[PDB]
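Analysis of the macromolecular model
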Amino acid sequence: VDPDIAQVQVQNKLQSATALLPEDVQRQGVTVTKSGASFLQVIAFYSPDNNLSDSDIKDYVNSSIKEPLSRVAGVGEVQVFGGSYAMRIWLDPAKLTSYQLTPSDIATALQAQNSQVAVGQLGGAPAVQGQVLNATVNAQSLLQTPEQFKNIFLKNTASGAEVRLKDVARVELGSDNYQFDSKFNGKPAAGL
Amino acid sequence: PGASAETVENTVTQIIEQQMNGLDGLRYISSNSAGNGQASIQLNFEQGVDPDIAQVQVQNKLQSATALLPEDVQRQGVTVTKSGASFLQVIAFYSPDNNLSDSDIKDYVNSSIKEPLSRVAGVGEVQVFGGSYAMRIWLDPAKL
Amino acid sequence: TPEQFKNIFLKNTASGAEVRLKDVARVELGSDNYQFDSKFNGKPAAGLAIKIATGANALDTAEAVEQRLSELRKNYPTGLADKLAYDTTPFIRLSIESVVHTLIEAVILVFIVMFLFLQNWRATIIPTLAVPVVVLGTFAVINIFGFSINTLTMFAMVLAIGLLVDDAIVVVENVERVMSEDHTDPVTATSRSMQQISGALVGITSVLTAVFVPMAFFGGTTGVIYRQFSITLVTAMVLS
Amino acid sequence: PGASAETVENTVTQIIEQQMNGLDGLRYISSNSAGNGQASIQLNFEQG
Amino acid sequence: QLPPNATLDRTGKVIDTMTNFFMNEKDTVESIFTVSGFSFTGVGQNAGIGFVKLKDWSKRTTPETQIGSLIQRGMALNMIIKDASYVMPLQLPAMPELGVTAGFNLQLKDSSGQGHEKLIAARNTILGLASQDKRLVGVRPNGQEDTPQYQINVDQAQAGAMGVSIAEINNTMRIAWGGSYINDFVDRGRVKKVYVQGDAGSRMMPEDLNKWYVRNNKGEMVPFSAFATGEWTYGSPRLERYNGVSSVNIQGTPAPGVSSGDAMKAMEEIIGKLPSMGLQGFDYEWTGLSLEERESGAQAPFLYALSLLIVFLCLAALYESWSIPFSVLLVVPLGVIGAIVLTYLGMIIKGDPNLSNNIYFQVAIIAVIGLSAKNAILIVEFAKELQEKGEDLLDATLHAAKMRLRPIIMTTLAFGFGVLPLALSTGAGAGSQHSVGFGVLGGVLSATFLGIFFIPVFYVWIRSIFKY
Amino acid sequence: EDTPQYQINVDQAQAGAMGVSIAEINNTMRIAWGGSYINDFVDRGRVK
Ligand SMILES: CCCCCCCCCCCCCCCCCC(=O)OC[C@H](COP(=O)(O)OCCN)OC(=O)CCCCCCCCCCCCCCCCC
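Residues numbered from 1 in each chain as written, not as in the entry; some residues may be left out. Chains lettered and ligands numbered in written order. Part of a larger assembly, values for the part shown. Heavy atoms only, no water.

The deposited coordinates derive from cryo-EM, with the record listing a resolution of 2.87 Å.

1. Some words on the interface of chain C and chain B
Listed by partner, the interface residues are 57 residues for chain C and 51 residues for chain B. Taken over both partners, the interface formed by chain C and chain B buries close to 5200 Å², and the fraction arising from carbon and sulfur atoms is 65%. A per-residue breakdown of the area chain C buries against chain B is headed by C:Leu48, C:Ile50 and C:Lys51, which together make up 17% of the total. At the junction of chain C with chain B, the criterion picks out one salt bridge. (Contact = heavy atoms within 4.5 Å. Buried area = accessible area lost by both parts, 1.4 Å probe. Salt bridge = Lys/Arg side-chain N within 4 Å of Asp/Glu carboxyl O.)

2. Structural notes on helix α7 (residues 166-181) of chain C
For α7(C), which comprises 16 residues, the first-to-last C-alpha distance of 22 Å matches the rise-based estimate of 22 Å (1.5 Å per residue) to within 8%. Buried-residue contacts for α7(C) involve α3 (89-117), α4 (121-128), α6 (151-164) and α8 (186-212) of chain C together with α11 (359-388) and α12 (393-418) of chain E. (Helix = DSSP H or I, 4+ residues; strand = E, 2+ residues; numbered from the N terminus. Expected span 1.5 Å × (residues − 1).)

3. Quick look at the pattern of salt bridges
A complete count under the given rule lists 37 salt bridges over all chains for this structure. Of the charged contacts in the structure, one is a salt bridge between A:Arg27 and B:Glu71, with a shortest N-O distance of 2.7 Å. Of this pair, A:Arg27 sits in helix α2 (residues 23-28) while B:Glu71 sits in helix α3 (residues 71-76), on two different chains. Judged by its relative accessible area of 27%, A:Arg27 falls in the partly exposed class. By relative accessible area, which is 15% here, B:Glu71 ends up buried. Ionic contacts of the salt-bridge type, sharing partners, join the residues B:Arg27, E:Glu292 and E:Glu295 into one network. (Buried < 20%, exposed > 50% of the residue type's maximum accessible area, 1.4 Å probe, protein only.)

4. Overview of the packing of aromatic side chains
Summed over the entire model, instances satisfying the criterion amount to 30 aromatic pairs over all chains. Between B:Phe129 and C:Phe36 the ring centres are 5.9 Å apart and the planes differ by 70°, which places this aromatic pair in the edge-to-face class. Here B:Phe129 is found in strand β4 (residues 123-129), whereas its partner C:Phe36 is found in the loop between β3 (25-31) and β4 (37-40) on a different chain. Ring geometry for E:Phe224 versus E:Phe227: centroids 5.7 Å apart, planes at 80°, classification edge-to-face. An aromatic cluster is defined as three or more aromatic residues linked by ring pairs; in this entry it consists of B:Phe87, B:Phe129, C:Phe36, C:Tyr86, E:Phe38, E:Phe40 and E:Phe51. Lying over the aromatic face of E:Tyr181, E:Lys193 brings its terminal NZ or CZ to 5.7 Å of the ring centre. Over the ring of E:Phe382 we find E:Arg404; its NZ or CZ atom is 4.6 Å from the centre of that ring. (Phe/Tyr/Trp six-rings, centres within 6.5 Å; stacked < 30°, edge-to-face > 60°. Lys NZ or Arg CZ within 6 Å of the ring centre and 35° of its normal.)

5. Section: the environment of E:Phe51
Residue placement: E:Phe51 occurs in strand β2 (residues 43-54). Taking the relative accessible area as the measure of exposure, E:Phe51 reaches 5% and is therefore buried. On a C-alpha basis, the gap between E:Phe51 and E:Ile32 in space is 5.4 Å, while along the polypeptide they are 19 residues apart. Setting aside chain neighbours within four positions, we find E:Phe51 in contact with B:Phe87, B:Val90, C:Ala85, C:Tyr86, E:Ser31, E:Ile32 and E:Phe33.

6. Concerning the interface of chain B and chain E
Contact residues are listed per partner, giving 34 residues for chain B and 38 residues for chain E. When chain B packs against chain E, close to 3100 Å² is buried across both sides, 55% of that on carbon and sulfur atoms. Counting the surface chain B buries against chain E, the share from its top three residues, B:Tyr28, B:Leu139 and B:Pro141, is 17%. Applying the counting criterion to the chain B and chain E interface returns six salt bridges. With its nearest N and O atoms 3.2 Å apart, the salt bridge here joins E:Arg190 to B:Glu115. On inspection of chain B and its partner chain E, the count reaches 18 residue pairs in polar contact. (Polar contact = N/O pair within 3.5 Å; in protein donor to acceptor, adjacent residues only side chain to side chain.)

7. Topic: the site of the ligand
Residue and element names in this part refer to chain C. The environment of the ligand is formed by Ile104, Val107, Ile108, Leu129, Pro132, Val135, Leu136, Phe139 and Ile149. Protein contact buries 34% of the 1200 Å² of open area that the ligand shows by itself. Broken down by secondary-structure element, the contributors of at least two residues to the shell around the ligand are α3 and α5 (130-144). Considering every element that reaches the shell around the ligand, the biggest residue donor is α5, with four residues. (Near = heavy atom within 4 Å. Areas by Shrake-Rupley, 256 points an atom, 1.4 Å probe, with all protein chains shown as cover.)

8. Focus on unusual backbone geometry
The backbone phi angle of A:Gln100 is positive, close to 55°, even though this residue is not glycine. Counting through the fold element by element, A:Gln100 comes out in the loop between α4 (93-98) and α5 (103-113). Its relative accessible area of 60% is what places A:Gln100 among the exposed residues. Positive phi, close to 50°, is recorded for E:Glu320, a residue that is not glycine. Residue placement: E:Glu320 occurs in the loop between α8 (300-319) and α9 (323-330).

9. Comments concerning the sheet that holds strand β3 (residues 89-94) of chain B
Judged by pairing direction, the sheet is antiparallel, and its four strands sit side by side in the order β4(B)-β6(C)-β3(B)-β7(C) without closing on themselves. Only two strands of the sheet have a single partner each, and these edge strands are β4 of chain B together with β7 (81-87) of chain C. Going from strand to strand, the sheet's axes swing by 20° on average, the running direction of each strand aside. Two elements, β3(B) and strand β6 (residues 46-52) of chain C, share five bridges in a ladder whose sense is antiparallel. From the neighbouring strand, B:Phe93 faces β6(C), where its bridge partner is C:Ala46. Along the sheet face, helix α4 (residues 102-118) of chain B touches β3 and β4 of chain B together with β6 of chain C and points at about 15° away from the line of β6(C). (Pairing = 2+ DSSP bridges. Axes fitted to C-alpha atoms, helices over the stretch in contact; angles between N-to-C directions.)

10. A word on the arrangement of the chains
Taking contact number as the criterion, the leading pair out of 11 pairs of chains in contact is chains B and C. As for chain F relative to chain C, no contact occurs, and the smallest C-alpha gap between them is 31 Å. Spatially, chain E and chain F are disjoint, and the shortest separation between their C-alpha atoms is 12 Å.

11. Let's talk about the environment of C:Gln35
Within the secondary structure layout, C:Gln35 lies in the loop between β3 and β4. With residues near it in sequence (within four places) discarded, C:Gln35 still touches A:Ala125, E:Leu8, E:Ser36, E:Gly37 and E:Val43.

12. Focus: a nonpolar patch on the surface
All names here are of chain E. Residues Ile337, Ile340, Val341, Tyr344, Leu345, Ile348, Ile349, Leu450, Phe453 and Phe454 make up a contiguous nonpolar surface patch of about 980 Å² in total accessible area. Counting residues per element, the ones that place at least two in the nonpolar patch are α10 (332-350) and α14 (430-465). Per element, the largest residue contribution to the nonpolar patch is seven residues, and it comes from α10. With respect to the element layout, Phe453 can be found in helix α14. Classification of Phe453 as exposed rests on a relative accessible area of 58%. (Patch = residues over 30% accessible without salt bridge, like charges linked within 9 Å, V, L, I, M, F, W, Y side chains within 5 Å.)

13. Looking at the pairing of strand β1 (residues 29-38) of chain E
With nine of its 10 residues buried, β1(E) lies for the most part within the structure. With four bridges joining them, β4(C) and β1(E) adopt antiparallel strand pairing. Residue pairing across strands places C:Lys39 opposite E:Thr34, the latter belonging to β1(E). Bridging between β1(E) and β2(E) involves eight bridges; their strand directions are antiparallel. Bridged to E:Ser31 within β2(E) is E:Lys53. A loop of four residues connects β1(E) with β2(E), the two strands running antiparallel in sequence, and E:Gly42 in this loop sits at a positive phi of about 160°.

14. Quick notes on the side chain of B:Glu71
A distance of 2.7 Å separates a polar atom in the side chain of B:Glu71 from a polar atom in the side chain of A:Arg27. When residues no more than four places from it in sequence are discounted, the contact partners of B:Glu71 are A:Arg27, F:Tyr37, F:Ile38, F:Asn39 and F:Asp40.

15. Here we look at the nonpolar core
Ranked by size, the top nonpolar core spans 93 residues in total, and within it C:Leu159, C:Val165, C:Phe212, C:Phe229, E:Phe415 and E:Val440 carry the most contacts. With 20 residues, α11(E) is the largest single contributor of residues to this core. Sequence-distant contacts of E:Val440, that is, excluding residues within four places in its chain, are made with C:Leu159, E:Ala364, E:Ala367, E:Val368, E:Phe415 and E:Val419. With 35 residues, the next largest nonpolar core counts B:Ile137, E:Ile152, E:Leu209 and E:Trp212 among its residues. (Core = buried A, V, L, I, M, F, W, Y, C linked by side-chain atoms within 4.5 Å.)

16. Observations regarding α3(C)
With 29 residues, α3(C) extends 43 Å between its outermost C-alpha atoms, agreeing within 8% with the 42 Å of an ideal straight helix rising 1.5 Å per residue. The set of residues buried in α3(C) consists of C:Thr89, C:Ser95, C:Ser98, C:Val99, C:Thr102, C:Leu103, C:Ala106, C:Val110, C:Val113, C:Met114 and C:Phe117.

17. Quick word on the pairing of strand β6 (residues 180-187) of chain E
Residues and elements named next belong to chain E. Here six bridges tie β6 to strand β7 (residues 190-198), and the two strands are oriented antiparallel to one another. Residue pairing in the sheet places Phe185 in a bridge with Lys192 of β7. Turn length for the β6-β7 hairpin, with the two strands adjacent in sequence and antiparallel, is two residues, and the turn residue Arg188 shows positive phi of about 50°.

In structure tokens:
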């Protein structure tokens, strides 16, 4: 049986299902693969003297190394080990209750305040007669750093204080739980 | 939607391209990222490759590639097509005596002529110059 | 209708008057696309561009488009006209016509030259009758393999016509020569001739056939172009 | 579920039929929209 | 192509002039169909395209009405038209499938990662040099040029303090300026679309951002001015990559009297001057039709070698010798020399760059190799038989030459008139026809005058060195 | 093989008296103990 047809058929029958899946499941992503061939070799990337952070090595490999090796003459697939980091917000129940705030309040504030805005064009197609200029209008709205998350306004205290995210949570760039760390000769390292 | 050309290149086109490497008979990949938030990847294959097999293998790699995209991108939905940019024919529609208006001609072409011709045997794609009728609500900010 | 949309209810004010869609916007029938502007000869026009499908005969699809369009044309609104603004197929027809014309001219000219050499009409008709059998058999055979009538196979045939009369020219020439040197019946002369020139015929065919064989086995676009010539030429050589 | 043939046509059948061009070797299409809410679209292809 | 940030009106006026020019060519043009806002480079308001149909070929017989002639008269147009960036009349490729336009297609890559600005500087150097090279015409970029862009900076701090959510800002500004398809309504039994968008008067200029209000969590309206600024910037509308590398595309035409290969060479020399101008680490790739051309040129030597080898081997097998095959292949250059000479001479006197080292010339060369071998076998096999009969090498080969001189000449002249109509063809594919025709006719002549003399001499030399 | 697990039992009645909805309880513990993916940002051209 042709493996490519079997895979395409399976993932076509998958499309019917997903609308019945849980929404959390849908956002994580449902993936389909096939057996195929095995590893020709596995490469490892590390710093001998611990000079570079494991995060730095992961970033460097993912950015510079991963793409060009895919383009070498005979390579079929390229898989990294080590996953990637995530932004993580750790709540403190005591602080949450002291302000009469809930976990859902934080979720709503997080989605409301980290967003991407669209603004169309200057001089869009049905235009005022004598329009001279036609240009793109881009907006920058997403949070870029972790301090921007720390300062997400939550609410106002009775005395007038400003309750932000930092007041109830610990904000830190953390790992993605799904993929765990990999170590070469007992030291942190990334492999291909 | 909303992203700059550089964000598009960093977050969409490069990851789809990295997944697309490793297809069977691939010759070259040409790609662009636009400031209006649009990414385009064109895969050119070697002579003697089956176009249908090429399409299904692109879909098989794209299935997994789609999970690595931004969620905003996943919501719009990425599409796979095979075609050639050139044109076989262009037909024109016009009123010689002006009995029929331009909007009437355009709507009629879109409503009555485009779909049947695009189902004619051997036709791959049909591009239309002229729009069909629509209901337009044009808001005034001040009144809002 | 637009009046209906204009009437869509929105809210009530503190006083109590209601706000409808007309109160904040202009409602009309417009286009679903505003980003193009098309004209035919300086006059507003609509356009349908067709792109061919991944390995389909352009002439066939153009004829099919015209048939479908002709059927549609019956129910046009009054005052609607259509006309091809950009079509490539007339050129194809013209180039095929031209290539067939060259083939005919070539057969005539080959006849003339050999009648100049084989001065007899009886003599020169014998090679001339080989042209049809070989050309038509070649068409049949390559059609069995999926090849079509394009300009490449037609150039190949024109190129073959002068080489496909070789074995026959050789055969006839020997018989005539033999009949001149020894005055014997045609049957005896022809038997002696065929006894004499079999090796010449086979050598001629062998080299001419071997020459074009390797190019059949090349890849790429260039290989597809080579294969038309190779197959057509090789088939005719064997048939000849 | 719950719908009439008219709403089925308007909300499902034409929406899905408007995408069904560009298929290779297609002969014809038959559709029906039922009062039980069900939509059918049958695509017929050429021999081979 | 119009300058950056040009509206649909300016593009339309440029195209109006272009239309008037083409339609005023009454003897050559029949119809023109133009679209504003569309090109193959992309959809955008400063791009346009026109489909010009000529009159029937039979009607156009004067040199003045030839396709090349009109192209030049129109190429004057972009010089005269002021607002446009360029207006280029272009021709279709010989096989329309393999490309959109005729000419060369080059991809310039930033293979050392120096950034977009350095790549654009290198491209500008290349364009300038190509402009003043007499072997090229119409060299241009195939893409979009860096344009002014308006940038909006949303204050998240002020927005949060004011009670306004960025998601609500997205919804309001997106629907207001960009538009949205909401749902459908039915017209005359057809389902059509409903669109909501701000009216044109409120979405033209950056002042009109100050017209729109967002409703905060308290339910009051706060103006867009309260949390966003706006500024004018300069950036690329469209970024291109060729094989994982940032890139730009350059296209153009051979000048009149210049071949596709010569133009490609010309382009490359120009690219070769980049390091001496302080621009390092840029490489190019020849995509599309140009790619097809380079690949075809490259494999001719293998094709010639393989054909010669297979003929050598079949001759060896059939005649149970090694001397006969070497004799026969020794006369191949006499046949080949005519083909090359006639094609070159026809090119120079006719002024036609289509008489070149193209792929039809390669098949003509293979055909001439075959003709050369055929003529030689005819005499040597008879000479070999005569020698088997017990005749001297010299006597037998002279006798065979005498006896077979008549059929050889008539078969060769048969082949030579068989291709004469191709060489003398006119219109509707005459270029390829002349390639094949000229090659085969030159080959026939040199084989008919030099080859017939060299066949017996080589035979006797080889069979004298290797006797019996 | 099977392992021990811990079970939460919410008294619909006590919650009613206390004036807390079931959905609020579920959301609270879903987010607090289970965790939630909200949305993503671009950190130097990397989606996280
Ligand atoms: C004398 C000077 C030279 C004269 C020229 C002919 C010399 C002999 C060589 C004969 C072979 C001719 C080959 C023609 C190839 C045409 C290729 C082509 O483009 O096809 C056109 C056409 C098929 O396509 P279409 O146009 O759609 O037509 C279908 C409906 N009719 O094709 C067709 O419709 C069918 C065409 C059939 C061709 C018939 C050839 C018959 C030759 C008979 C010779 C008889 C010899 C004498 C025998 C009597 C006894 C001595």
